[PDB]
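>>> one piece of my complex first, more on the way:
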Amino acid sequence: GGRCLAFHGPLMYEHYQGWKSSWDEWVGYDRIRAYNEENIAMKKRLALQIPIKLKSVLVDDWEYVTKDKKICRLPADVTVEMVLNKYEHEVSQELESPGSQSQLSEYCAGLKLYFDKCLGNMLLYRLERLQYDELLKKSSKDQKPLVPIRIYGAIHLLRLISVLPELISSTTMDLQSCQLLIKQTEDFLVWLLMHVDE
Amino acid sequence: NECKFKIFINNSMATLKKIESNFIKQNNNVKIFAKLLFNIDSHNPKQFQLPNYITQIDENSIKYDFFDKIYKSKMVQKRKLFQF
């Protein structure tokens, strides 16, 4: 099946095509395609915004990060693991339509790989920046990777998910992806409307 | 990171060829946002501001994930027939 499937450089394989029969070989070694070795080295080198429902908390936290920064303990007791696993047990079976929990679970896994990587670009204050450098320096004494799950609170969740939509628009994709994105942030605000203690 | 990005890709290599066209085969649980992860070094960091308006093991992974999803679907079906 198909039109291009060969372990070596492709020659419209559906054996070395375009050559005589006395060149075949069926040895078993490593196989790499590499797009015909970059086409024989280029022919031998040429010969949108969130709804206004709970808008007060972000305005309150905008002034709060000027001198208090909403956190004073480096080993903060409030983490994201249990409050994250909560949605797979309460609102995935109640609020969303009955069916598959992909739209919540896969997005949560994406939020893991976004939270483990997003540090360094964007959601940072100056004092937060020196705190991040001091955390990196004190975490480099045992050459271990820096896990931002156990040393960061969950109160920044709404600000990263509200600065997310204007950086979706930086690249080009379809519009129903943005529809589903704003729908899941709307569901997040729907949940966090009641639970204000977290 | 901007200097690294250009010196790595933007200078003379793979200008027309898409780099992020083959990262799907090794990355899992990445479906909603995929294009924005590639150009994370193309923009310089800036201070905080606010506007005045405001595949072998991956197949096994998704198979066990879908098995867990099916079991959870059975469990919420049981819950809905209990509550109905």
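Nice, thanks for sending it over. Numbering: from 1, shown residues only, chains lettered A, B, ... in the order given.
>>> For the spatially closest residue to residue A:102 that is not a sequence neighbour, which residues are in contact?
Leaving out its chain neighbours, the residue that sits closest to residue A:102 by CB to CB, 6 or more residues apart in numbering or on different chains is residue B:69, at 6.9 Å. From N, CA and C alone the C-beta is placed, and that goes for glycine too. The contact partners of residue B:69, taken as CB atoms under 8 Å, 6 or more residues apart in numbering or on different chains, are A:100-102, A:105.
>>> Now the closest residue to chain A within chain B: closest residue in space, sequence neighbours ignored.
The minimum distance from chain B to chain A, using CB to the nearest CB, falls at residue B:29 (3.7 Å). For residue B:29, ignoring the flanking residues on the chain, the nearest one in space by CB to CB, 6+ apart is residue A:109 at 3.7 Å.
>>> The one you found: which element?
helix A:102-115 (DSSP states H and E).
>>> For chain B, give me its nearest residue in chain A.
Sorted by distance to chain B under CB to the nearest CB, the residues of chain A start with residue A:109, at 3.7 Å.
>>> how about the residues of chain A near chain B?
A:49, A:55, A:58, A:62, A:65, A:92-93, A:98-102, A:105-107, A:109-110, A:113-114, A:117, A:120-126, A:162, A:167-168, A:170-173, A:177, A:180-181 (CB under 8 Å from any CB of the partner chain).
>>> just the buried members of those residues?
Taking 16 or more other CB atoms under 10 Å in any protein chain shown as the criterion, what is buried in the residues of chain A next to chain B is A:65, A:92-93, A:100-101, A:105-107, A:109-110, A:114, A:124, A:162, A:168, A:181.
>>> what is the orientation angle of the longest helix belonging to chain B with helix A:102-115?
When chain B is parsed with DSSP state H, its longest helix is helix B:57-83. For helix B:57-83 against helix A:102-115, the angle by axes from the mean of the first three to the mean of the last three CA atoms, to 10 degrees is 130 degrees.
>>> what's near enough to touch residue B:24?
With CB under 8 Å, 6+ apart, residue B:24 has these contacts: B:30, B:34.
>>> Tell me the spacing between it and residue B:18.
Going from residue B:24 to residue B:18 by CB to CB, to the nearest Å gives 12 Å.
>>> just to revisit the earlier point, so which of the residues of chain A next to chain B sit within helices?
Per DSSP H, those map to helices at A:58, A:62, A:102, A:105-107, A:109-110, A:113-114, A:126, A:162, A:167-168, A:177, A:180-181.
>>> nearest to residue A:80, of the contacts of residue B:69?
When those are ranked by distance to residue A:80 (CB to CB), residue A:105 comes first, at 15.2 Å.
>>> Pretty sure the closest one sits against residue A:88.
Yes. The pair residue A:105 and residue A:88 passes the contact test of CB atoms under 8 Å, sitting 6.5 Å apart.
>>> In contact with the residue most central in space within chain A, which residues?
Geometric centre of chain A, nearest residue: residue A:114, 3.2 Å, by CA atoms, centre = their mean. Residue A:114 makes contact with A:160, B:33 under the criterion CB under 8 Å, 6+ apart.
>>> one more, chain C:
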Amino acid sequence: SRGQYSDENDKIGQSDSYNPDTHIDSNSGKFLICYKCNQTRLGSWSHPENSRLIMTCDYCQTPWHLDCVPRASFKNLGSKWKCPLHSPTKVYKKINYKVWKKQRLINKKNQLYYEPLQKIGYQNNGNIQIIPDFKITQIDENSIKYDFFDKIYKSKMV
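Adding chain C to the chains above:
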């Protein structure tokens, strides 16, 4: 010849009697097993009545008996013999209705655009290809079964 529409749906003792050459393919010499009944049913020269006429598909070369699908004899003149296994050109759903006359494919050139972004709730309305403007997306088996299970779970109670 005269300037009519001719897509890939249109095709370009023998006449009765025994035809074992129709049961034998020249590509490999193996036996053409039908989809519905897992037999070729060549029969014997002593019992010609046990033999059943078979035909191959013009697209996927799928063997088929003349008794399983409703069909009397072969298709030699007219459009290509389309076995009822591929995507139909005309569909009908009463809601007035949607016909959805496919897209009849386009060239390999820059008019063909690929954009694999989302697998669940993509709203691609068909027109997809399977991998291991006319906006088409890369579609695998996991996406297909996932959207099916979401759809028939959300559509059971209706």
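>>> ok chain C is in now, so what about the nearest residue to residue A:102?
residue C:120 (5.4 Å).
>>> ditto for residue A:136
Using CB to CB, 6+ apart, the nearest residue to residue A:136 is residue A:146, at 5.9 Å.
>>> part of a strand, is the one you found?
No. Read with DSSP: H, G, I helix; E, B strand; the rest coil, residue A:146 is coil and lies in no strand.
>>> wouldn't the residue nearest to residue A:102 be in contact with residue C:142 here?
No. Using CB under 8 Å, residue C:120 makes no contact with residue C:142, being 9.9 Å away.
>>> in the sheet, who's paired with the residue nearest to residue C:34 when sequence neighbours are not counted?
Leaving aside its chain neighbours, residue C:34 sits nearest to residue C:65 (4.6 Å; criterion: CB to CB, 6+ apart). According to DSSP bridges, the residues that bridge with residue C:65 are residue C:54.
>>> What parts of chain A come near chain C?
So chain A meets chain C at A:97-100, A:102-103, A:173-174, A:176-177, A:180 (CB under 8 Å from any CB).
>>> Would you check which pair of those residues lies furthest apart?
It's A:98 and A:173 that sit farthest apart of these, by CB to CB, at 28.1 Å.
>>> In space, what's closest to the most centrally placed residue in chain B - neighbours in sequence excluded?
Geometric centre of chain B, nearest residue: residue B:30, 2.9 Å, by CA atoms, centre = their mean. If the residues on either side of it in the chain are set aside, residue B:30 comes closest to residue A:110, at 6.2 Å by CB to CB, 6+ apart.
>>> go on, residue C:143?
residue C:119 (3.6 Å).
>>> which residues touch the residue nearest to residue A:102?
A:100, A:102-103, B:31, C:143, C:146-147, C:150.
>>> Going by distance to residue B:78, which of the residues you listed wins?
residue A:100 (15.9 Å).
>>> Might one say that the closest one is in contact with residue C:145?
No. Residue A:100 is beyond contact range of residue C:145, at 10.5 Å (criterion: CB under 8 Å).
>>> which stretch of helix or strand covers residue 44?
As the question left the chain open, I've gone with chain A. Assigned by DSSP H and E, residue A:44 falls in helix A:34-46.
>>> The intended chain is chain B.
Applying DSSP H and E, one finds residue B:44 in no helix or strand.
>>> what about it, neighbour count?
9 (other CB atoms under 10 Å in any protein chain shown).
>>> ok, back up a step: Throw the residues of chain A next to chain C into TSV and include distance to residue A:152, thanks.
As requested, those are exported to TSV (distance: CB to CB, whole Å):
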residue	distance to residue A:152
A:97	32
A:98	34
A:99	32
A:100	30
A:102	26
A:103	25
A:173	28
A:174	32
A:176	32
A:177	27
A:180	26
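>>> ok, so of these, who is nearest residue C:22?
Nearest member of these to residue C:22, counting by CB to CB, is residue A:100, at 47.0 Å.
>>> Contacts only, for the closest one.
Residues near residue A:100 by CB under 8 Å, 6+ apart: B:69, B:73, C:120, C:146, C:149-150, C:153.
>>> Among those residues, name the ones in strands.
Among the contacts of residue A:100, none falls in strands (DSSP state E).
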